[PDB]
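Student: Sharing a structure here in structure tokens format.
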Amino acid sequence: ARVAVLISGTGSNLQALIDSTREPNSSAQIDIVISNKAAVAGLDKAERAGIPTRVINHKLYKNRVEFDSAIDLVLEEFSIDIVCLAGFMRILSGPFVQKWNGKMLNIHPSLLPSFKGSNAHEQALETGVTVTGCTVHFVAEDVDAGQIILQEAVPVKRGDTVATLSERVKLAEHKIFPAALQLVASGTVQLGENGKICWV
Ligand SMILES: Nc1nc2sc(CCCCc3ccc(C(=O)N[C@@H](CCC(=O)O)C(=O)O)o3)cc2c(=O)[nH]1
Ligand SMILES: NCC(=O)N[C@@H]1O[C@H](COP(=O)([O-])[O-])[C@@H](O)[C@H]1O
Ligand code: NA
């Protein structure tokens, strides 16, 4: 399976995905890395890995459709099979999500369905949970509500901040994102006919 990784910043999940997909038994290959923001560190990690990069500045498009369309163009250029959202912080338009239904994965730093949205760690700390975690799911049109592929629980420790909680959660993210990509790339897991996870 040919994989595009979309990023908005540091790219630690990108790097974990790079590492896993270079294992001999990997069913995924990362053929293109796309950032909506230049100068972000994830672009350096891709270039150190020999992976082509493209920056598509969402700020230069009238609307989301033209912007997504620009992304879709690059995906087609690289004959992409699978899209990984790895710290990509833009919401994608309906038609783009539909076109890639069952082919696009996102990592979210909570145990969905808890703490959807952009500040999961803040929400988890304000709520006072002692267990949080992270989720890889298929991207559906309903944000952070697509079908769940893998999750891993992570303890919240007393005194945790966004800084320390997200550091601990990311170690789990770097485990289940590569595992989830391999499940999809190998065809072991698909978005089933009925839209629920299908294990083959
Ligand atoms: N339809 C659909 N699209 C998508 S994209 C994705 C990948 C992860 C979603 C991240 C997210 C959560 C909330 C926001 C948000 O408010 N972002 C602002 C800009 C934020 C900034 O600048 O940092 C915007 O979108 O302008 O971002 C998952 C997903 C999905 O599950 N469904
Ligand atoms: N709503 C999506 C969201 O909160 N994404 C989160 O952004 C970080 C990106 O880190 P990275 O750039 O080092 O992979 C990750 O922690 C991921 O869970
Ligand atoms: Na999708």
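By convention here, the chains of the structure tokens are called A, B, ... in the order presented, each chain's residues are numbered starting at 1, and ligands are numbered starting at 1 in the order presented.
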Just asking: which residues within region 6-120 of chain A are strand (DSSP E) according to DSSP, as a list in words?
Tutor: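 Here are the strand (DSSP E) residues of region 6-120 of chain A: residues 6, 7, 29, 30, 31, 32, 33, 34, 35, 53, 54, 55, 82, 83, 84, 85, 104, 105, 106, 107 and 108 of chain A.
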Student: Kindly compile the residues surrounding ligand 2 within 7 Å, counting only C-alpha atoms and all ligand atoms, and format them as a ChimeraX atom specification.
Tutor: /A:7-14,42,86-89,107-109,117-120,134,166,170,173
Student: Taking only C-alpha atoms into account, which of A:51, A:83, A:140, A:149 comes nearest residue 111 (chain A)?
Tutor: A:149
Student: When you look at region 52-62 of chain A with a cut-off of 6 Å (counting only C-alpha atoms), what residues show up, excluding the ones that are within fewer than 5 positions of it in the same chain? I need them as a PyMOL selection string.
Tutor: chain A and resi 32-36+67
Student: So that I have them on file, write out the residues from the current selection with N, CA and C atoms, as an mmCIF file, in the first residue's frame.
Tutor:
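Output below, filename out28.cif:
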data_model
loop_
_atom_site.group_PDB
_atom_site.id
_atom_site.type_symbol
_atom_site.label_atom_id
_atom_site.label_comp_id
_atom_site.auth_asym_id
_atom_site.auth_seq_id
_atom_site.Cartn_x
_atom_site.Cartn_y
_atom_site.Cartn_z
ATOM 1 N N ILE A 32 5.005 10.041 0.108
ATOM 2 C CA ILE A 32 4.873 11.492 0.057
ATOM 3 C C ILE A 32 4.490 11.970 1.445
ATOM 4 N N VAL A 33 5.093 13.076 1.863
ATOM 5 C CA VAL A 33 4.728 13.759 3.096
ATOM 6 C C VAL A 33 4.245 15.157 2.743
ATOM 7 N N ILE A 34 3.075 15.523 3.257
ATOM 8 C CA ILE A 34 2.428 16.790 2.928
ATOM 9 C C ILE A 34 2.177 17.561 4.216
ATOM 10 N N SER A 35 2.647 18.806 4.256
ATOM 11 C CA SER A 35 2.412 19.703 5.376
ATOM 12 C C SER A 35 1.571 20.878 4.909
ATOM 13 N N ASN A 36 0.634 21.311 5.754
ATOM 14 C CA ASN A 36 -0.083 22.551 5.480
ATOM 15 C C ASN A 36 0.658 23.770 6.009
ATOM 16 N N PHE A 67 -8.708 23.731 -1.293
ATOM 17 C CA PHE A 67 -7.509 23.333 -0.574
ATOM 18 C C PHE A 67 -7.362 21.815 -0.554
#
Student: In Å, how far is it from CA of residue 155 (chain A) to CA of residue 121 (chain A)?
Tutor: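 It comes out at 12.1 Å.
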Student: Do you know which residues are at most 8 Å from residue 102 (chain A) counting only C-alpha atoms, after dropping those on the same chain fewer than 5 positions away, and could you put them as a ChimeraX atom specification?
Tutor: /A:138-139,190-191
Student: Check the smallest atom-to-atom distance from each of A:80, A:5, A:49, A:143 to ligand 3 using only C-alpha atoms and all ligand atoms, then report the winner.
Tutor: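 Once distances to ligand 3 are computed over only C-alpha atoms and all ligand atoms, the minimum belongs to A:143.
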